[PDB]
Amino acid sequence: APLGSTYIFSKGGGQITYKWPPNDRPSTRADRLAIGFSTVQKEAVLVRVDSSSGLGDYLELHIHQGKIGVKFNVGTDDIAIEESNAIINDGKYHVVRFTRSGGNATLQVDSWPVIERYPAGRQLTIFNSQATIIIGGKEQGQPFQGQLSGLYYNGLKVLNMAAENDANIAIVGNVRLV
Ligand SMILES: [Ca+2]
């Protein structure tokens, strides 16, 4: 189960935001995103990384009809991958792992088979000018309720950073440490 900081998200919702310095936003050709979670929800946004580049690039981990999935867009089309079978909303700890290299991507939950997505046609490869990581909710999305831990995004252990009141972190709403 979890290592390090855990946040509980209670009814009504809350959101932790990591905001990169505006003159030092990363653009990446490959990404790794993982998070640990426990919940009984059927619909929730867990994590979303948004860009400031006006190109619309994004990466989102969410639960839909009780199943964990990823949707992302690095410039071409919206790519959606769902782990359609793993039970993830039994209130027990689960880990979801996402990777991307260019336009290709994988998703895996727990010890279930890795899902490998190789989209057809022209694909862009850079996740441009990443501006914010939002955790536990988003504008136009349904807020997470449960516990989140072990958020790793391209090397950043975001929830541990939140736990020490990193200066790039903001926390709002109904969410608290452990
Ligand atoms: Ca792009």
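In case you missed it, the structure is sitting above this.
Remarks on the pattern of salt bridges
Right, on to step 1. Summed over all chains, the structure comprises five salt bridges.
Right, on to step 2. Each of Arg 48, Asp 50, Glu 60, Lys 71 and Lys 138 takes part in salt bridges that share partners, so that together they form one network.

A few points about the coordination of the calcium ion
Right, on to step 1. At this site the calcium ion is bound by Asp 57 (OD), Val 74 (O), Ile 126 (O) and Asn 128 (OD1), with donor distances of 2.2 to 2.4 Å.
Right, on to step 2. Sequence spacing of the donors to the calcium ion: D-x16-V-x51-I-x1-N. Note that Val 74 is positioned in the loop between strand 5 (67-73) and strand 6 (79-82) and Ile 126 in the loop between strand 9 (115-117) and strand 10 (130-135), a separation of 52 residues in sequence.
Right, on to step 3. Taking the relative accessible area as the measure of exposure, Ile 126 reaches 35% and is therefore partly exposed.

Section: the pairing of strand 5
Right, on to step 1. Here strand 5 lies mainly inside the structure; six of its seven residues are buried.
Right, on to step 2. Of the pairings in the sheet, the one linking strand 4 (residues 58-64) to strand 5 comprises seven bridges and is antiparallel in character. Considered in strand 5, the bridge of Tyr 58 is made with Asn 73.
Right, on to step 3. What sits between strand 4 and strand 5 in their antiparallel hairpin is a turn of two residues, with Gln 65 showing a positive phi close to 45 degrees.
Right, on to step 4. Sheet topology places strand 5 next to strand 6; four bridges connect them, and they run antiparallel. Its bridge partner lying in strand 6, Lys 71 is registered against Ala 80.
Right, on to step 5. In this structure, the hairpin formed by strand 5 and strand 6 is closed by a connection of five residues, where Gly 75 is found at a positive phi of approximately 140 degrees.

Notes on the pairing of strand 7 (residues 94-101)
Right, on to step 1. Two strands pair when backbone bridges link them, and strand 2 (residues 30-38) and strand 7 are joined in this way by eight bridges, in the antiparallel orientation. Bridge pairing in strand 7 places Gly 36 opposite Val 95.
Right, on to step 2. Of the pairings in the sheet, the one linking strand 7 to strand 8 (residues 104-109) comprises six bridges and is antiparallel in character. Considered in strand 8, the bridge of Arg 100 is made with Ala 105.

Conventions and cut-offs
Residues numbered from 1 in each chain as written, not as in the entry; some residues may be left out. Heavy atoms only, no water. Salt bridge = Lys/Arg side-chain N within 4 Å of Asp/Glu carboxyl O. Donors = N, O, S within 2.8 Å, 3.2 Å for Na, K, Ca; no water. Helix = DSSP H or I, 4+ residues; strand = E, 2+ residues; numbered from the N terminus. Buried < 20%, exposed > 50% of the residue type's maximum accessible area, 1.4 Å probe, protein only. Pairing = 2+ DSSP bridges.

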